[PDB]
file entry.pdb (PDB, C-alpha atoms)
ATOM      1  CA  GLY P   1     -26.863 -11.398 -22.763
ATOM      2  CA  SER P   2     -23.106 -11.817 -23.119
ATOM      3  CA  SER P   3     -22.066 -12.796 -19.593
ATOM      4  CA  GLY P   4     -19.240 -15.098 -18.546
ATOM      5  CA  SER P   5     -15.576 -14.465 -19.309
ATOM      6  CA  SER P   6     -12.303 -14.942 -17.429
ATOM      7  CA  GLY P   7     -10.347 -11.855 -16.423
ATOM      8  CA  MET P   8     -11.320 -10.223 -13.136
ATOM      9  CA  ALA P   9      -8.665 -11.029 -10.534
ATOM     10  CA  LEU P  10      -9.586 -13.481  -7.775
ATOM     11  CA  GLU P  11      -9.509 -11.013  -4.882
ATOM     12  CA  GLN P  12      -5.719 -11.211  -5.150
ATOM     13  CA  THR P  13      -4.639  -7.576  -5.436
ATOM     14  CA  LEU P  14      -5.979  -4.095  -6.181
ATOM     15  CA  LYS P  15      -8.599  -4.728  -3.499
ATOM     16  CA  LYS P  16      -7.022  -3.485  -0.268
ATOM     17  CA  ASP P  17      -7.047   0.284   0.244
ATOM     18  CA  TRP P  18      -3.439   1.355  -0.302
ATOM     19  CA  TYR P  19      -4.022   5.104  -0.557
ATOM     20  CA  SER P  20      -5.106   4.827   3.079
ATOM     21  CA  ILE P  21      -2.377   2.551   4.431
ATOM     22  CA  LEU P  22       0.276   4.957   3.150
ATOM     23  CA  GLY P  23      -1.784   8.000   4.084
ATOM     24  CA  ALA P  24      -2.025   9.443   0.582
ATOM     25  CA  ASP P  25      -4.773  10.424  -1.858
ATOM     26  CA  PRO P  26      -6.121   8.518  -4.891
ATOM     27  CA  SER P  27      -5.228  11.584  -6.957
ATOM     28  CA  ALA P  28      -1.611  11.950  -5.842
ATOM     29  CA  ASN P  29       1.543  11.393  -7.896
ATOM     30  CA  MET P  30       4.378   8.943  -7.244
ATOM     31  CA  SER P  31       6.693  11.638  -5.882
ATOM     32  CA  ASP P  32       3.953  12.239  -3.314
ATOM     33  CA  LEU P  33       3.033   8.619  -2.590
ATOM     34  CA  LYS P  34       6.670   7.553  -2.266
ATOM     35  CA  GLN P  35       7.324  10.314   0.268
ATOM     36  CA  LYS P  36       4.576   8.814   2.428
ATOM     37  CA  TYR P  37       5.906   5.291   1.888
ATOM     38  CA  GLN P  38       9.503   6.067   2.849
ATOM     39  CA  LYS P  39       8.433   7.930   5.988
ATOM     40  CA  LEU P  40       6.340   4.839   6.718
ATOM     41  CA  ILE P  41       9.267   2.453   6.268
ATOM     42  CA  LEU P  42      11.444   3.564   9.182
ATOM     43  CA  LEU P  43       8.535   3.913  11.608
ATOM     44  CA  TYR P  44       7.856   0.170  11.612
ATOM     45  CA  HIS P  45      11.269  -1.034  10.441
ATOM     46  CA  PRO P  46      12.540  -4.143  12.276
ATOM     47  CA  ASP P  47      16.167  -3.008  12.420
ATOM     48  CA  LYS P  48      14.969   0.297  13.874
ATOM     49  CA  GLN P  49      13.457  -1.345  16.954
ATOM     50  CA  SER P  50      14.291  -1.440  20.664
ATOM     51  CA  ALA P  51      15.275  -4.481  22.724
ATOM     52  CA  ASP P  52      13.138  -2.956  25.476
ATOM     53  CA  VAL P  53       9.954  -3.560  23.485
ATOM     54  CA  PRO P  54       7.135  -5.964  24.445
ATOM     55  CA  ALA P  55       5.708  -8.765  22.306
ATOM     56  CA  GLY P  56       2.650  -6.760  21.306
ATOM     57  CA  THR P  57       4.570  -3.885  19.737
ATOM     58  CA  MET P  58       6.674  -6.300  17.687
ATOM     59  CA  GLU P  59       3.792  -8.327  16.253
ATOM     60  CA  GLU P  60       1.939  -5.071  15.590
ATOM     61  CA  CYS P  61       4.987  -3.575  13.874
ATOM     62  CA  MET P  62       5.066  -6.400  11.327
ATOM     63  CA  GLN P  63       1.371  -6.120  10.464
ATOM     64  CA  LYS P  64       2.093  -2.502   9.537
ATOM     65  CA  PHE P  65       5.451  -2.938   7.803
ATOM     66  CA  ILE P  66       3.787  -5.610   5.667
ATOM     67  CA  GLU P  67       0.801  -3.502   4.614
ATOM     68  CA  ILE P  68       3.176  -0.633   3.849
ATOM     69  CA  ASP P  69       5.373  -2.890   1.718
ATOM     70  CA  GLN P  70       2.239  -3.793  -0.238
ATOM     71  CA  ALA P  71       0.681  -0.347  -0.643
ATOM     72  CA  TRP P  72       3.848   0.428  -2.599
ATOM     73  CA  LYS P  73       3.958  -2.794  -4.618
ATOM     74  CA  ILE P  74       1.016  -1.295  -6.508
ATOM     75  CA  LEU P  75       1.665   2.437  -6.152
ATOM     76  CA  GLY P  76       5.372   1.960  -6.796
ATOM     77  CA  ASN P  77       5.331   0.930 -10.450
ATOM     78  CA  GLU P  78       3.791   2.761 -13.406
ATOM     79  CA  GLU P  79       1.569  -0.053 -14.674
ATOM     80  CA  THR P  80       0.110  -1.267 -11.378
ATOM     81  CA  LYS P  81      -0.339   2.258 -10.021
ATOM     82  CA  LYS P  82      -2.347   2.902 -13.187
ATOM     83  CA  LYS P  83      -4.392  -0.300 -13.386
ATOM     84  CA  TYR P  84      -5.229   0.171  -9.706
ATOM     85  CA  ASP P  85      -6.835   3.596 -10.095
ATOM     86  CA  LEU P  86      -9.087   2.200 -12.826
ATOM     87  CA  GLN P  87      -9.970  -0.803 -10.666
ATOM     88  CA  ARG P  88     -10.835   1.196  -7.548
ATOM     89  CA  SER P  89     -14.003   3.301  -7.539
ATOM     90  CA  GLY P  90     -14.026   7.066  -7.990
ATOM     91  CA  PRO P  91     -16.272   9.955  -6.889
ATOM     92  CA  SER P  92     -16.344  11.013 -10.542
ATOM     93  CA  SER P  93     -19.975  10.609 -11.606
ATOM     94  CA  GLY P  94     -23.101  12.500 -12.620
TER      95      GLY P  94
END

call {"tool": "encode", "arguments": {"input": "entry.pdb", "output": "structure tokens"}}
result
Amino acid sequence: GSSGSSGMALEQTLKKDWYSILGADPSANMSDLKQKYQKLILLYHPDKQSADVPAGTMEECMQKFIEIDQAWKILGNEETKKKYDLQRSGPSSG
């Protein structure tokens, strides 16, 4: 019956697994998530690099730093972190 209405995001955000990129759980609290984020901000930080590093490490570092900077863009706020949970699927069923 009633089918066809704008709303669902165009695979823009709330699609990539963030709880995995940061190494946290989908049932954790900010205080927890943040802790994982911070610790994952100095491990791939550009300023915290070595001039004796190859080209591979560098490029790879970015890929990570980026994902980490995103996993927080959603799990950092109170609205996004909330809307996300609802969006993502949950083992709660039966």

call {"tool": "closest_atom_pairs", "arguments": {"input": "entry.pdb", "of": "region 49-75 of chain P", "to": "region 21-26 of chain P", "cutoff": "7 Å", "atoms": "all atoms listed in the file", "output": "JSON lines"}}
result
{"residue": "P:67", "atom": "CA", "partner": "P:21", "partner_atom": "CA", "distance": 6.8}
{"residue": "P:68", "atom": "CA", "partner": "P:22", "partner_atom": "CA", "distance": 6.3}
{"residue": "P:71", "atom": "CA", "partner": "P:22", "partner_atom": "CA", "distance": 6.5}

call {"tool": "residues_around", "arguments": {"input": "entry.pdb", "residues": "residue 19 (chain P)", "least_positions_apart": "5", "cutoff": "12 Å", "atoms": "all atoms listed in the file", "output": "list in words"}}
result
residues 14, 24, 25, 26, 27, 28, 29, 30, 32, 33, 34, 36, 37, 67, 68, 70, 71, 72, 73, 74, 75, 76, 81, 84, 85 and 88 of chain P

call {"tool": "resolve_selection", "arguments": {"input": "entry.pdb", "expression": "the PyMOL selection byres ((chain P and resi 64-66) around 8)", "output": "list in words"}}
result
residues 40, 41, 44, 45, 60, 61, 62, 63, 67, 68, 69 and 70 of chain P

call {"tool": "write_last_selection", "arguments": {"input": "entry.pdb", "atoms": "C-alpha atoms", "output": "short mmCIF file (atom, residue, chain, number, x, y, z; two decimals), in the coordinates of the input"}}
result
data_model
loop_
_atom_site.label_atom_id
_atom_site.label_comp_id
_atom_site.auth_asym_id
_atom_site.auth_seq_id
_atom_site.Cartn_x
_atom_site.Cartn_y
_atom_site.Cartn_z
CA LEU P 40 6.34 4.84 6.72
CA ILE P 41 9.27 2.45 6.27
CA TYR P 44 7.86 0.17 11.61
CA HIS P 45 11.27 -1.03 10.44
CA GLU P 60 1.94 -5.07 15.59
CA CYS P 61 4.99 -3.58 13.87
CA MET P 62 5.07 -6.40 11.33
CA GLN P 63 1.37 -6.12 10.46
CA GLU P 67 0.80 -3.50 4.61
CA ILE P 68 3.18 -0.63 3.85
CA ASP P 69 5.37 -2.89 1.72
CA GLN P 70 2.24 -3.79 -0.24
#

call {"tool": "atom_distance", "arguments": {"input": "entry.pdb", "atom1": "CA of residue 5 (chain P)", "atom2": "CA of residue 94 (chain P)"}}
result
28.8 Å

call {"tool": "build_atoms", "arguments": {"input": "entry.pdb", "residues": "region 30-54 of chain P", "atoms": "N, CA, C and O atoms", "output": "short mmCIF file (atom, residue, chain, number, x, y, z; two decimals), keeping the file's coordinate frame"}}
result
data_model
loop_
_atom_site.label_atom_id
_atom_site.label_comp_id
_atom_site.auth_asym_id
_atom_site.auth_seq_id
_atom_site.Cartn_x
_atom_site.Cartn_y
_atom_site.Cartn_z
N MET P 30 3.32 9.75 -7.85
CA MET P 30 4.38 8.94 -7.24
C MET P 30 5.18 9.77 -6.24
O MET P 30 5.16 9.49 -5.04
N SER P 31 5.88 10.78 -6.74
CA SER P 31 6.69 11.64 -5.88
C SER P 31 6.03 11.84 -4.52
O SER P 31 6.69 11.82 -3.49
N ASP P 32 4.71 12.03 -4.54
CA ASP P 32 3.95 12.24 -3.31
C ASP P 32 3.80 10.93 -2.55
O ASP P 32 4.18 10.83 -1.38
N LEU P 33 3.24 9.92 -3.21
CA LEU P 33 3.03 8.62 -2.59
C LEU P 33 4.32 8.11 -1.95
O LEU P 33 4.36 7.81 -0.76
N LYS P 34 5.38 8.02 -2.75
CA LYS P 34 6.67 7.55 -2.27
C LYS P 34 7.03 8.22 -0.94
O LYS P 34 7.33 7.55 0.04
N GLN P 35 7.00 9.55 -0.93
CA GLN P 35 7.32 10.31 0.27
C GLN P 35 6.63 9.72 1.49
O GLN P 35 7.24 9.57 2.55
N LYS P 36 5.35 9.39 1.34
CA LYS P 36 4.58 8.81 2.43
C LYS P 36 5.06 7.40 2.75
O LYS P 36 5.09 7.00 3.91
N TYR P 37 5.43 6.66 1.71
CA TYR P 37 5.91 5.29 1.89
C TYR P 37 7.21 5.27 2.68
O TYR P 37 7.32 4.59 3.70
N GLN P 38 8.20 6.01 2.19
CA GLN P 38 9.50 6.07 2.85
C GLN P 38 9.35 6.40 4.33
O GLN P 38 9.84 5.68 5.19
N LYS P 39 8.66 7.50 4.61
CA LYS P 39 8.43 7.93 5.99
C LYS P 39 7.71 6.85 6.78
O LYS P 39 7.73 6.86 8.02
N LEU P 40 7.07 5.93 6.08
CA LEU P 40 6.34 4.84 6.72
C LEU P 40 7.11 3.53 6.61
O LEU P 40 6.54 2.45 6.73
N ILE P 41 8.42 3.63 6.39
CA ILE P 41 9.27 2.45 6.27
C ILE P 41 10.26 2.37 7.43
O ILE P 41 10.77 1.29 7.74
N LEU P 42 10.52 3.51 8.06
CA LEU P 42 11.44 3.56 9.18
C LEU P 42 10.69 3.66 10.51
O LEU P 42 11.29 3.60 11.58
N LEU P 43 9.37 3.81 10.42
CA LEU P 43 8.54 3.91 11.61
C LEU P 43 8.15 2.53 12.13
O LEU P 43 7.83 2.37 13.30
N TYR P 44 8.20 1.54 11.24
CA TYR P 44 7.86 0.17 11.61
C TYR P 44 8.99 -0.79 11.25
O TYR P 44 8.84 -2.01 11.35
N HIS P 45 10.11 -0.23 10.82
CA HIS P 45 11.27 -1.03 10.44
C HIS P 45 11.72 -1.92 11.60
O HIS P 45 11.73 -1.51 12.76
N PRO P 46 12.09 -3.17 11.28
CA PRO P 46 12.54 -4.14 12.28
C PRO P 46 13.90 -3.78 12.86
O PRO P 46 14.11 -3.87 14.07
N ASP P 47 14.83 -3.38 11.99
CA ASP P 47 16.17 -3.01 12.42
C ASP P 47 16.13 -1.77 13.31
O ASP P 47 16.99 -1.58 14.17
N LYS P 48 15.12 -0.93 13.09
CA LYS P 48 14.97 0.30 13.87
C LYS P 48 14.04 0.07 15.06
O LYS P 48 13.14 0.87 15.31
N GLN P 49 14.27 -1.02 15.79
CA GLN P 49 13.46 -1.34 16.95
C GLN P 49 14.27 -1.24 18.24
O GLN P 49 15.46 -0.92 18.21
N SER P 50 13.63 -1.51 19.37
CA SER P 50 14.29 -1.44 20.66
C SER P 50 14.16 -2.76 21.41
O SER P 50 13.08 -3.35 21.48
N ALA P 51 15.27 -3.23 21.98
CA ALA P 51 15.28 -4.48 22.72
C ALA P 51 14.37 -4.40 23.95
O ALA P 51 14.02 -5.41 24.55
N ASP P 52 14.00 -3.18 24.32
CA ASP P 52 13.14 -2.96 25.48
C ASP P 52 11.68 -2.85 25.05
O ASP P 52 10.89 -2.13 25.67
N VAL P 53 11.32 -3.57 23.99
CA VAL P 53 9.95 -3.56 23.48
C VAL P 53 9.25 -4.88 23.78
O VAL P 53 9.83 -5.96 23.71
N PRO P 54 7.95 -4.79 24.13
CA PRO P 54 7.14 -5.96 24.44
C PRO P 54 6.85 -6.82 23.22
O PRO P 54 7.33 -6.53 22.12
#
